[PDB]
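Undergrad: Input structure: query_26.txt, which contains compact mmCIF, C-alpha atoms and all ligand atoms.
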```txt
# COMPACT_ATOMS: atom_id res chain seq x y z
CA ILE B 1 95.74 -30.73 -59.59
CA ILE B 2 94.47 -34.32 -59.64
CA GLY B 3 92.68 -35.15 -56.37
CA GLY B 4 93.61 -33.00 -53.38
CA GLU B 5 91.24 -30.27 -52.27
CA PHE B 6 89.83 -26.90 -53.25
CA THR B 7 91.44 -23.91 -51.58
CA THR B 8 91.64 -20.13 -51.73
CA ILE B 9 94.51 -17.71 -52.16
CA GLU B 10 94.86 -17.12 -48.38
CA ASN B 11 96.31 -20.65 -48.11
CA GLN B 12 98.94 -19.97 -50.80
CA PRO B 13 99.21 -16.12 -50.94
CA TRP B 14 102.42 -16.19 -53.06
CA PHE B 15 100.56 -17.98 -55.87
CA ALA B 16 100.64 -16.06 -59.17
CA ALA B 17 98.10 -16.65 -61.94
CA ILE B 18 99.64 -16.00 -65.40
CA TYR B 19 97.50 -15.39 -68.51
CA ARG B 20 98.22 -14.41 -72.12
CA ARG B 21 96.46 -11.96 -74.41
CA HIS B 22 95.46 -12.89 -77.92
CA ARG B 23 95.08 -11.78 -81.14
CA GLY B 24 91.70 -10.09 -80.93
CA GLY B 25 91.56 -9.65 -77.20
CA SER B 26 90.72 -12.96 -75.54
CA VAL B 27 92.77 -13.77 -72.45
CA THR B 28 93.48 -17.40 -71.55
CA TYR B 29 95.29 -19.03 -68.62
CA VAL B 30 98.91 -20.07 -69.19
CA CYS B 31 100.61 -21.21 -65.99
CA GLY B 32 101.21 -20.68 -62.28
CA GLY B 33 104.07 -18.84 -60.58
CA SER B 34 105.30 -17.78 -57.12
CA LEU B 35 105.95 -14.29 -55.77
CA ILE B 36 109.50 -14.27 -54.37
CA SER B 37 109.73 -10.48 -53.83
CA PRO B 38 107.38 -7.54 -54.45
CA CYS B 39 108.48 -7.09 -58.10
CA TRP B 40 109.42 -10.69 -59.03
CA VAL B 41 107.46 -13.84 -59.90
CA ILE B 42 109.19 -17.14 -60.60
CA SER B 43 107.75 -19.77 -62.96
CA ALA B 44 108.78 -22.25 -65.72
CA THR B 45 110.38 -21.32 -69.09
CA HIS B 46 108.25 -23.89 -71.01
CA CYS B 47 105.17 -21.78 -70.24
CA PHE B 48 106.51 -18.87 -72.34
CA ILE B 49 108.91 -20.37 -74.91
CA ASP B 50 106.34 -20.50 -77.78
CA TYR B 51 105.30 -16.85 -77.20
CA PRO B 52 108.38 -15.21 -75.64
CA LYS B 53 107.04 -11.61 -75.86
CA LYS B 54 106.47 -10.00 -72.43
CA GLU B 55 103.67 -7.70 -73.70
CA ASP B 56 101.50 -10.78 -74.34
CA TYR B 57 101.20 -11.65 -70.60
CA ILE B 58 99.18 -10.60 -67.57
CA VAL B 59 99.94 -11.64 -63.97
CA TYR B 60 97.40 -11.68 -61.13
CA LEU B 61 98.20 -11.92 -57.43
CA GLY B 62 95.59 -12.56 -54.72
CA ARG B 63 93.39 -14.50 -57.17
CA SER B 64 91.42 -17.58 -56.00
CA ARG B 65 89.36 -18.17 -59.19
CA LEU B 66 90.29 -18.69 -62.85
CA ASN B 67 87.82 -16.61 -64.90
CA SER B 68 86.27 -14.35 -62.24
CA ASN B 69 87.80 -11.63 -60.09
CA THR B 70 88.71 -12.20 -56.43
CA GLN B 71 88.23 -9.32 -53.99
CA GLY B 72 91.61 -7.68 -53.28
CA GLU B 73 93.46 -9.12 -56.31
CA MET B 74 96.16 -7.11 -58.16
CA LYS B 75 96.81 -7.19 -61.92
CA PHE B 76 100.21 -6.69 -63.46
CA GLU B 77 101.89 -6.23 -66.77
CA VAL B 78 105.25 -7.91 -67.33
CA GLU B 79 108.11 -5.42 -67.28
CA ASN B 80 110.67 -8.20 -67.83
CA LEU B 81 110.45 -11.81 -69.06
CA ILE B 82 113.66 -13.73 -68.29
CA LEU B 83 113.90 -17.28 -69.65
CA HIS B 84 116.77 -19.62 -68.80
CA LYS B 85 119.47 -19.56 -71.52
CA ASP B 86 120.24 -23.30 -71.05
CA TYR B 87 116.61 -24.41 -71.39
CA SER B 88 116.00 -27.51 -73.51
CA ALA B 89 113.10 -29.82 -74.28
CA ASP B 90 113.47 -33.48 -75.21
CA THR B 91 110.30 -35.61 -75.73
CA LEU B 92 109.25 -35.55 -72.06
CA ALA B 93 111.76 -33.71 -69.89
CA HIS B 94 112.49 -29.98 -69.81
CA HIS B 95 115.95 -28.99 -68.56
CA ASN B 96 116.48 -25.68 -66.71
CA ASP B 97 112.74 -25.13 -66.72
CA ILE B 98 112.83 -21.85 -64.84
CA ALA B 99 111.77 -18.29 -65.62
CA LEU B 100 111.53 -14.90 -63.90
CA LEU B 101 108.84 -12.30 -64.52
CA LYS B 102 109.36 -8.74 -63.25
CA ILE B 103 105.87 -7.38 -62.59
CA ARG B 104 104.69 -3.80 -62.83
CA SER B 105 101.16 -2.33 -62.73
CA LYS B 106 99.74 0.27 -65.08
CA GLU B 107 100.38 2.65 -62.20
CA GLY B 108 103.92 1.34 -62.15
CA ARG B 109 103.92 -0.38 -58.83
CA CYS B 110 105.04 -3.78 -57.65
CA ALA B 111 103.02 -6.09 -55.24
CA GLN B 112 101.67 -4.60 -52.00
CA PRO B 113 101.55 -7.50 -49.47
CA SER B 114 98.12 -8.11 -47.91
CA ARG B 115 96.08 -10.95 -46.40
CA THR B 116 95.84 -12.47 -49.93
CA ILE B 117 99.33 -11.51 -51.23
CA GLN B 118 102.65 -12.51 -49.55
CA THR B 119 106.11 -13.62 -50.73
CA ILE B 120 107.55 -17.13 -50.34
CA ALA B 121 111.08 -17.80 -49.12
CA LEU B 122 113.67 -19.41 -51.39
CA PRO B 123 115.64 -22.33 -49.93
CA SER B 124 119.29 -22.09 -48.88
CA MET B 125 121.57 -23.51 -51.57
CA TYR B 126 121.64 -27.28 -52.12
CA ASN B 127 119.36 -27.70 -49.05
CA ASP B 128 116.21 -29.75 -49.68
CA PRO B 129 114.13 -31.99 -47.39
CA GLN B 130 114.84 -35.74 -47.24
CA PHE B 131 112.94 -38.21 -49.42
CA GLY B 132 109.51 -39.08 -48.05
CA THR B 133 108.96 -35.50 -46.81
CA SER B 134 105.38 -34.31 -47.52
CA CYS B 135 105.13 -31.07 -49.52
CA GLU B 136 102.25 -29.16 -51.07
CA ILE B 137 101.46 -28.14 -54.65
CA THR B 138 98.97 -25.51 -55.82
CA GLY B 139 97.38 -24.61 -59.14
CA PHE B 140 94.49 -24.14 -61.56
CA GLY B 141 95.54 -27.19 -63.68
CA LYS B 142 93.34 -30.06 -64.82
CA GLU B 143 91.47 -32.21 -62.31
CA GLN B 144 91.74 -35.16 -64.65
CA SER B 145 94.09 -35.94 -67.51
CA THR B 146 91.16 -36.27 -69.88
CA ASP B 147 89.49 -33.00 -68.89
CA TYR B 148 88.94 -30.30 -71.41
CA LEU B 149 88.35 -27.55 -68.87
CA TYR B 150 90.52 -26.25 -66.06
CA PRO B 151 88.88 -25.90 -62.62
CA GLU B 152 87.42 -22.48 -61.87
CA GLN B 153 88.56 -22.68 -58.21
CA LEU B 154 92.17 -22.97 -57.03
CA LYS B 155 93.31 -26.38 -55.77
CA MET B 156 96.10 -27.84 -53.69
CA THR B 157 97.32 -31.27 -52.64
CA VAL B 158 100.14 -33.06 -50.83
CA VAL B 159 102.84 -35.16 -52.48
CA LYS B 160 105.95 -36.85 -51.04
CA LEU B 161 109.50 -36.18 -52.26
CA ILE B 162 111.13 -39.11 -54.06
CA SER B 163 114.88 -39.79 -54.08
CA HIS B 164 116.90 -39.09 -57.17
CA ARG B 165 117.94 -42.70 -57.08
CA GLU B 166 114.40 -43.89 -57.00
CA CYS B 167 113.33 -41.44 -59.67
CA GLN B 168 116.08 -42.55 -62.03
CA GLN B 169 114.93 -46.15 -62.12
CA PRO B 170 114.07 -47.05 -65.66
CA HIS B 171 110.59 -47.98 -64.61
CA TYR B 172 110.24 -44.41 -63.42
CA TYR B 173 112.05 -41.81 -65.50
CA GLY B 174 115.48 -43.26 -66.15
CA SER B 175 117.96 -40.61 -67.22
CA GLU B 176 115.27 -38.05 -68.06
CA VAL B 177 115.59 -36.84 -64.43
CA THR B 178 118.75 -34.88 -63.53
CA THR B 179 120.06 -33.62 -60.18
CA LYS B 180 118.57 -30.17 -61.01
CA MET B 181 115.08 -31.78 -60.89
CA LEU B 182 113.03 -33.19 -57.99
CA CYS B 183 110.42 -35.94 -58.17
CA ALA B 184 107.32 -36.07 -55.97
CA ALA B 185 104.25 -38.29 -55.85
CA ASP B 186 101.50 -39.87 -53.80
CA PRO B 187 102.19 -43.40 -52.41
CA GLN B 188 98.93 -44.51 -54.13
CA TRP B 189 99.57 -42.34 -57.27
CA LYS B 190 96.16 -40.89 -56.33
CA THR B 191 96.95 -37.13 -56.42
CA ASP B 192 99.36 -35.09 -58.57
CA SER B 193 100.10 -31.97 -60.59
CA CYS B 194 98.83 -31.84 -64.19
CA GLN B 195 98.59 -29.70 -67.33
CA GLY B 196 98.00 -26.08 -66.30
CA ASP B 197 99.81 -26.50 -62.96
CA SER B 198 103.18 -25.81 -64.68
CA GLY B 199 105.20 -22.97 -63.16
CA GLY B 200 103.42 -23.22 -59.80
CA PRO B 201 104.87 -23.87 -56.33
CA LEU B 202 106.04 -27.03 -54.61
CA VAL B 203 106.29 -25.79 -51.01
CA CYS B 204 107.97 -27.62 -48.14
CA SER B 205 108.48 -26.76 -44.48
CA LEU B 206 112.23 -26.53 -43.85
CA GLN B 207 113.48 -25.49 -40.44
CA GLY B 208 110.00 -24.36 -39.66
CA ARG B 209 109.85 -22.16 -42.66
CA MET B 210 107.63 -22.47 -45.77
CA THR B 211 110.11 -22.72 -48.65
CA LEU B 212 109.79 -22.74 -52.45
CA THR B 213 111.47 -26.11 -52.95
CA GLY B 214 110.23 -26.79 -56.48
CA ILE B 215 108.47 -25.41 -59.55
CA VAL B 216 105.99 -27.68 -61.41
CA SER B 217 107.78 -28.70 -64.65
CA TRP B 218 106.69 -31.99 -66.26
CA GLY B 219 105.43 -35.54 -66.00
CA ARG B 220 104.19 -38.44 -68.09
CA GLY B 221 100.45 -38.36 -67.73
CA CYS B 222 99.05 -37.26 -64.40
CA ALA B 223 98.65 -39.40 -61.27
CA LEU B 224 99.91 -42.42 -63.29
CA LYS B 225 101.59 -45.33 -61.49
CA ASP B 226 105.43 -45.09 -61.56
CA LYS B 227 105.31 -41.60 -63.16
CA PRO B 228 105.92 -38.94 -60.51
CA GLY B 229 105.56 -35.20 -60.96
CA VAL B 230 108.84 -33.54 -61.88
CA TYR B 231 109.85 -30.19 -60.48
CA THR B 232 112.65 -27.70 -61.08
CA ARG B 233 114.93 -27.98 -58.05
CA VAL B 234 114.98 -24.33 -56.86
CA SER B 235 117.95 -24.86 -54.45
CA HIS B 236 120.22 -25.56 -57.51
CA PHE B 237 119.39 -22.19 -59.24
CA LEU B 238 119.99 -19.55 -56.53
CA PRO B 239 122.94 -17.87 -58.34
CA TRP B 240 120.84 -17.65 -61.53
CA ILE B 241 117.93 -16.20 -59.52
CA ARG B 242 120.17 -13.78 -57.57
CA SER B 243 122.03 -12.58 -60.67
CA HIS B 244 118.83 -11.95 -62.67
CA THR B 245 117.06 -10.16 -59.77
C1 LIG Q 1 98.16 -35.02 -71.74
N1 LIG Q 1 98.97 -34.52 -70.60
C2 LIG Q 1 99.70 -33.42 -70.41
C3 LIG Q 1 100.26 -33.48 -69.14
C4 LIG Q 1 101.12 -32.59 -68.42
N2 LIG Q 1 101.46 -32.99 -67.16
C5 LIG Q 1 102.26 -32.26 -66.33
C6 LIG Q 1 102.55 -32.82 -64.97
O1 LIG Q 1 102.97 -32.07 -64.10
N3 LIG Q 1 102.37 -34.14 -64.81
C7 LIG Q 1 102.54 -34.85 -63.70
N4 LIG Q 1 102.96 -34.30 -62.58
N5 LIG Q 1 102.32 -36.16 -63.74
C8 LIG Q 1 102.76 -31.05 -66.76
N6 LIG Q 1 103.57 -30.27 -66.00
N7 LIG Q 1 102.44 -30.64 -68.01
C9 LIG Q 1 101.64 -31.36 -68.85
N8 LIG Q 1 101.46 -30.81 -70.12
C10 LIG Q 1 101.99 -31.57 -71.28
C11 LIG Q 1 103.24 -30.94 -71.88
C12 LIG Q 1 102.87 -29.91 -72.95
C13 LIG Q 1 102.00 -28.74 -72.47
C14 LIG Q 1 101.87 -28.56 -70.94
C15 LIG Q 1 100.85 -29.51 -70.33
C16 LIG Q 1 99.80 -34.68 -68.62
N9 LIG Q 1 99.00 -35.34 -69.49
```
Kindly transcribe the structure held in the file into structure tokens.
TA:
Amino acid sequence: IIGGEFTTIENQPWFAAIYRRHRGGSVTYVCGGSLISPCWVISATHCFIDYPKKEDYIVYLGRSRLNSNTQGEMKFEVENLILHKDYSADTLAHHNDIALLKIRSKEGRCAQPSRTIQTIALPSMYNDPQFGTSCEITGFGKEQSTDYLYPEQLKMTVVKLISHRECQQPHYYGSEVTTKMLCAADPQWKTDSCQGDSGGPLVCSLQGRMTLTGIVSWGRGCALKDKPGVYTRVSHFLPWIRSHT
């Protein structure tokens, strides 16, 4: 997250922190995700496509820091890694960049909701907020495009939804953006998602309910003028989600 503010898991208790085991035992951060039911986390396919083996991954819930434990956190193995069959990557844009992880503990249990662990509602189909609506994004991704490290403390910021028509201008993304994607950005291009925020939540208030409107997917640079963040449009994938859960 470029700009924005530091936060803790209580302000985004559906946030899932996804790591991968190596090859000798080191564990490194991969991507964010969102808890949509006790046993299911939703994220982006591009996070897993190069290492599509479920046994390689670890999911934490209730975690506010990257490389230290948070009191009350839960750790899970991945019982099921479901990547979207129609995924594709061109140079910049990822199509159908959506993935489901079924989580199970060594004790074989799903998530127990607590003060630091809650689910997030999915939207109703084809129902998103209007352009210019302010939404929030959360993650452990870079604080600057040039950074080598990820922040140790969770961050969040606010971005405004951009119209498909605006996003498709050549100056923006041209045809790279489809109707199954959403664009969002700061009016000053001052704050944004970045590398390491992939898979995490774009949350909007719809009908007075916090709703998983988007999943961080891609962008050209971070917080660059005319280059919004691009998000998987969750309201266009509900059958896929429902079928696979
Ligand atoms: C040098 N480099 C990378 C990025 C990057 N950016 C984003 C991103 O969300 N960008 C944005 N909202 N403007 C992203 N989801 N993934 C990224 N990457 C790049 C794609 C390949 C690995 C994932 C990290 C930005 N600058």
Undergrad: Using only C-alpha atoms and all ligand atoms, can you tell me which of B:88, B:96, B:217, B:175 comes closest to ligand LIG 1 (chain Q)?
TA: B:217
Undergrad: Do you have, as CSV, the list of residues of chain B lying at most 10 Å from ligand LIG 1 (chain Q), each with its nearest atom pair and that distance in Å to one decimal, counting only C-alpha atoms and all ligand atoms and ordered by chain then number?
TA:
```
residue,atom,partner,partner_atom,distance
B:1,CA,Q:LIG1,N4,8.6
B:2,CA,Q:LIG1,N4,9.0
B:30,CA,Q:LIG1,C14,9.2
B:31,CA,Q:LIG1,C14,9.0
B:44,CA,Q:LIG1,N6,9.6
B:46,CA,Q:LIG1,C14,7.9
B:47,CA,Q:LIG1,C14,7.6
B:91,CA,Q:LIG1,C11,9.3
B:92,CA,Q:LIG1,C11,7.6
B:93,CA,Q:LIG1,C11,9.2
B:94,CA,Q:LIG1,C11,9.5
B:141,CA,Q:LIG1,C8,8.7
B:142,CA,Q:LIG1,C16,8.8
B:144,CA,Q:LIG1,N9,8.7
B:145,CA,Q:LIG1,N9,5.3
B:146,CA,Q:LIG1,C1,7.3
B:147,CA,Q:LIG1,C1,9.3
B:183,CA,Q:LIG1,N4,8.8
B:184,CA,Q:LIG1,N4,8.1
B:185,CA,Q:LIG1,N4,7.9
B:189,CA,Q:LIG1,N5,9.4
B:191,CA,Q:LIG1,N4,9.1
B:192,CA,Q:LIG1,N4,5.4
B:193,CA,Q:LIG1,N4,4.2
B:194,CA,Q:LIG1,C6,3.9
B:195,CA,Q:LIG1,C15,3.8
B:196,CA,Q:LIG1,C15,6.0
B:197,CA,Q:LIG1,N6,6.1
B:198,CA,Q:LIG1,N6,4.7
B:199,CA,Q:LIG1,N6,8.0
B:200,CA,Q:LIG1,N6,9.4
B:215,CA,Q:LIG1,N6,9.4
B:216,CA,Q:LIG1,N6,5.8
B:217,CA,Q:LIG1,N6,4.7
B:218,CA,Q:LIG1,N6,3.6
B:219,CA,Q:LIG1,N3,3.6
B:220,CA,Q:LIG1,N5,5.3
B:221,CA,Q:LIG1,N9,3.8
B:222,CA,Q:LIG1,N5,3.5
B:223,CA,Q:LIG1,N5,5.5
B:224,CA,Q:LIG1,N5,6.7
B:225,CA,Q:LIG1,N5,9.5
B:226,CA,Q:LIG1,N5,9.7
B:227,CA,Q:LIG1,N5,6.2
B:228,CA,Q:LIG1,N5,5.6
B:229,CA,Q:LIG1,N4,3.2
B:230,CA,Q:LIG1,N4,6.0
B:231,CA,Q:LIG1,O1,8.0
```
Undergrad: Rank B:207, B:182, B:167, B:108 by their smallest atom-to-atom distance to residue 95 of chain B, using all atoms listed in the file, and report the top residue only.
TA: B:182
Undergrad: How would you write as number ranges by chain the residues that get within 10 Å of (90.9, -15.4, -61.6) in the file's frame, counting only C-alpha atoms?
TA: B: 17-19, 29, 60-70, 73, 140, 152-154
Undergrad: Just want the 7 Å neighbourhood of residue 127 of chain B, counted on only C-alpha atoms, with same-chain residues fewer than 3 positions away dropped. Output as number ranges by chain.
TA: B: 123-124, 235
Undergrad: Using all atoms listed in the file, which of B:136, B:55, B:128, B:79 sits nearest residue 102 of chain B?
TA: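 The closest residue to residue 102 of chain B is B:79.
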Undergrad: Could you work out how far atom CA of residue 211 of chain B lies from atom CA of residue 98 of chain B, giving the answer in Å with one decimal?
TA: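 Separation between atom CA of residue 98 of chain B and atom CA of residue 211 of chain B: 16.4 Å.
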Undergrad: Enclose the full set of atoms of segment 226-245 of chain B listed in the file within a box whose edges lie along x, y and z, apply 6 Å of padding to each of the six sides, and report centre and edge lengths in Å to one decimal as AutoDock Vina command-line options.
TA:
```
--center_x 114.1 --center_y -27.6 --center_z -58.8 --size_x 29.6 --size_y 46.9 --size_z 20.7
```
Undergrad: Under the rule of at most 8 Å, produce a per-residue listing of segment 2-88 of chain B near segment 156-159 of chain B: chain, number, name, the closest pair of atoms, and the distance in Å, as a tab-separated table, using all atoms listed in the file.
TA:
```
residue	atom	partner	partner_atom	distance
B:3	CA	B:157	CA	7.1
B:4	CA	B:157	CA	4.2
B:5	CA	B:156	CA	5.6
B:6	CA	B:156	CA	6.4
B:7	CA	B:156	CA	6.5
```
Undergrad: Using only C-alpha atoms, which of B:240, B:150, B:40, B:172 sits nearest residue 111 of chain B?
TA: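 Using only C-alpha atoms, residue 111 of chain B sits closest to B:40.
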Undergrad: Give me the residues within 10 Å of residue 36 of chain B as a list in words, counting all atoms listed in the file and dropping any in the same chain fewer than 2 places off.
TA: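 Result of the neighbour search: residues 14, 15, 33, 34, 38, 39, 40, 41, 42, 100, 118, 119, 120, 121, 122 and 212 of chain B.
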Undergrad: Measuring atom to atom with only C-alpha atoms, identify which of B:80, B:163, B:179, B:205 is nearest to residue 234 of chain B.
TA: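 Closest to residue 234 of chain B of all the choices is B:179.
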Undergrad: State, in Å with one decimal place, the distance from atom CA of residue 201 of chain B to atom CA of residue 107 of chain B.
TA: 27.5 Å
Undergrad: One number please: atom CA of residue 48 of chain B to atom CA of residue 155 of chain B, in Å, one decimal.
TA: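 So the answer is 22.5 Å.
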Undergrad: Smallest atom-to-atom distance to residue 105 of chain B: which of B:77, B:56, B:90, B:186, using only C-alpha atoms?
TA: B:77
